Amino acid sequence: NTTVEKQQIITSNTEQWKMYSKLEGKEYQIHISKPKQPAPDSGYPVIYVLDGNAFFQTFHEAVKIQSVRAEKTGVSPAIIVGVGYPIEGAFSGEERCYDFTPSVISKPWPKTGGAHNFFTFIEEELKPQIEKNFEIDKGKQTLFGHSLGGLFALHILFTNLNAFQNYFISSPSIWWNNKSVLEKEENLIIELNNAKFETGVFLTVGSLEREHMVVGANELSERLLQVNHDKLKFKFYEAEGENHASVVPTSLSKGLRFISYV
Amino acid sequence: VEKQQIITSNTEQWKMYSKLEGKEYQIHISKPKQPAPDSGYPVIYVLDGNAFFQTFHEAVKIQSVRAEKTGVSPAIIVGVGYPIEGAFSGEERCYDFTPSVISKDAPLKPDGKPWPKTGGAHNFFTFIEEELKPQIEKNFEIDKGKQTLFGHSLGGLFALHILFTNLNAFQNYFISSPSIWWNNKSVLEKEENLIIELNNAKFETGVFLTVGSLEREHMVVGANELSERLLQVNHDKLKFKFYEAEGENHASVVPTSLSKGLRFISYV
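Quick mapping for you: the protein sequence lines, in order, are chains S and Z.
Just so you know, the first sequence maps onto residues 2 to 108, 118 to 272 in UniProt numbering.
Taking UniProt numbering, the leading residue of the second sequence gets 5, the next gets one more, and so forth.
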């Protein structure tokens, strides 16, 4: 019989941060990927990836491969920041449900309505640490969210547009709480009238997702496409043949091209 | 802030040296959280493991939870990689993936660089079949009738070669942008051999072939022409699917076509 030297996978140009939120003492596990390529003079673009445990490596590996030949692929070297949890799985059910939801569900269920506190954590706590530890281009920040994550990202677009210059919004759970998030869609044009930078919004959905999801995303897409404003660039992609769990890897490269600066 | 290292649950890394050459390999292994079915886990062997292992791992981990909805079976992932920090080795993969030796009389490009070592495919297959797989099958419950080979690029050239010459080694082939043009299309000299193999085949064999629509013209045409020929083979042991990824390129076809590929090679 034969042996093998057994080891753990350690990914190069990555690191992890353990952090607790100031207000609630909530524990986060942050995954960070830095490009092999030198920063441009203005700093690296940065991509904040919600549900970091589920999607971090996928973003990391695609950027690491595609950004080598940027003029062929249209993908810029970017720092990836997975915003995750100290868990063994892909998703943290209770924690994300709270973090991603702007209001307490209408009339026990898991706590909802923690999006304000989560946004505070990101803006006031996580971002200053990333910006001090890495050379960041602060005019080239992207927020990615899928699912309830996409709900949160849509919420930020409607209420805190200037926080990110690109939004990669995947199968957003807009149905959530009787479409309460859509009640703030009104705000967008008001926000755009004062936006600092042209804002890119890439919306995606799988064609085989449940009818209410597919229809909601197509309707939202038609409303966003109707906007004609210098500060908004919008793109929609319905992934044909793809379902709720497979739209993210399928749409990833189109998203990366849309948010990139080549 | 407390600085840490990312350590992924239900994964491990093995260091191996091939018996014959002492070639060092880095093997990455992902095991599903879900228990093995009675006959064992399906298994996916991923060439250029350093480049693609985590992508396969993450997609299976997410999609296989709701298999009746996603069509993705829980599978063990084996990244067949190298002791490197990058996505791709240079000379090591070129040697491993290529079945023939480029003529020593091959002219050099203006750059004056000697041709890389070629013709190691036979030895690589020996390493996989006789060394790596028994080791995986000893340490994990494997369904040996539910094995996939994935290769992209020069890796897809290798995977095509095995399909043509050693079909029974895997029951599914995920062949991404295969470098068919390599050495004056030498790999296609074995294409007719596929009927012989199909007529000996134990299991129905799945073949998923993909290319990005914005790849070099000769690659796009090569893959399309191969697809048309494979669609002409009308055999009970061959199940073939082709996918041209509209608007994708050589580097981006993999993630884009990944889920289509996983649904095709799965058992739900």
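Backbone N, C-alpha and C define an ideal beta-carbon position, used for all residues, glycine too.
task: Please report the residue range of the alpha helix (DSSP H) in which residue 261 of chain Z lies.
output: Secondary structure note for residue 261 of chain Z: its alpha helix (DSSP H) is the uninterrupted segment 257-269.
- prompt: Residues of chain S with CB under 8 angstroms from residue 18 of chain Z, in chain order?
  reply: 5, 6, 7 and 8
- prompt: Since residue 162 of chain S and residue 101 of chain S are thought to touch, with beta carbons under 8 angstroms apart, how far apart are those beta carbons, to the nearest angstrom?
  reply: A Cβ-Cβ distance of about 4 angstroms is found for the pair residue 162 of chain S and residue 101 of chain S, placing them in contact under the 8 angstroms criterion.
Where the alpha helix (DSSP H) containing residue 72 of chain Z begins and where it ends: 71-74 is the span of the alpha helix (DSSP H), which, as asked, contains residue 72 of chain Z.
- request: Give me the Cα-Cα distance between residue 6 of chain S and residue 72 of chain S, rounded to the nearest whole angstrom.
  value: 41 angstroms
message: Run through the DSSP bridge pairs and tell me what residue 20 of chain Z is partnered with.
response: Z/29
query: Nearest to residue 181 of chain Z by alpha carbon, out of Z/17, Z/140 and Z/246?
result: Z/246
query: In the stretch 70-83 of chain Z, which residues sit with their C-beta less than 7 angstroms from some C-beta in chain S, listed in chain order?
result: Of all residues in the stretch 70-83 of chain Z, only 70, 73 and 74 come within less than 7 angstroms of chain S when Cβ atoms are compared, listed by chain position.
7 angstroms Cβ cutoff met for residue 259 of chain S and residue 259 of chain Z: For residue 259 of chain S and residue 259 of chain Z, yes; Cβs fall inside 7 angstroms.
- prompt: Name the DSSP beta bridge partners of residue 179 of chain Z, please?
  reply: Z/155 and Z/213
- prompt: Does the beta-carbon of residue 253 of chain Z have 16 or more other beta-carbons within 10 angstroms, so that it is buried, or is it exposed?
  reply: buried
field: Within-7 angstroms CB hit, residue 36 of chain Z to chain S
entry: no
message: Is it the case that the stretch 121-141 of chain S contacts the stretch 19-32 of chain S, given that we only count it when at least three CB pairs across the two stretches are under 8 angstroms?
response: yes
message: Tell me the DSSP secondary structure of residue 218 of chain Z in three-state form.
response: coil
- prompt: If you pair each beta-carbon of the stretch 14-29 of chain S with each one of the stretch 123-135 of chain S, do three or more pairs fall below 8 angstroms?
  reply: yes
- prompt: For the putative contact between residue 202 of chain S and residue 239 of chain S, defined by C-beta atoms under 8 angstroms, what is the C-beta separation to the nearest angstrom?
  reply: 5 angstroms
task: Name the one or two DSSP bridge partners that residue 6 of chain S has.
output: Z/19
- request: Could you work out which residues of chain Z lie near residue 67 of chain S, taking near to mean beta carbons separated by less than 7 angstroms?
  value: 255 and 256
query: Of all the CB atoms in chain S, is at least one closer than 7 angstroms to the CB of residue 39 of chain Z?
result: no
task: Round the Cβ separation of residue 230 of chain S and residue 218 of chain S to the nearest angstrom and send it over; I've been treating them as touching at under 8 angstroms.
output: In fact, because the Cβ distance is near 18 angstroms, the residues do not count as touching under 8 angstroms.
- prompt: Excluding five sequence neighbours on each side, which residues of the same chain lie with their C-beta closer than 8 angstroms to the C-beta of residue 94 of chain S?
  reply: 120
- request: Closer than 9 angstroms by beta-carbon distance: list the chain Z residues that pair up with residue 236 of chain S, in chain order.
  value: Under the 9 angstroms cutoff, chain Z gives no residues; its nearest Cβ is about 24 angstroms from residue 236 of chain S.
- prompt: Per DSSP, which one or two residues make a beta bridge with residue 249 of chain Z?
  reply: Z/216
- request: Compare the C-beta of residue 227 of chain S with all C-beta atoms of chain Z and state if any pair is closer than 7 angstroms.
  value: For residue 227 of chain S, the answer is no, since every Cβ of chain Z falls outside 7 angstroms of its Cβ.
query: Is the stretch 61-71 of chain S close to the stretch 171-186 of chain S, with three or more CB pairs under 8 angstroms?
result: no
field: Alpha-carbon spacing of residue 151 of chain S relative to residue 270 of chain S, whole angstroms
entry: 10 angstroms
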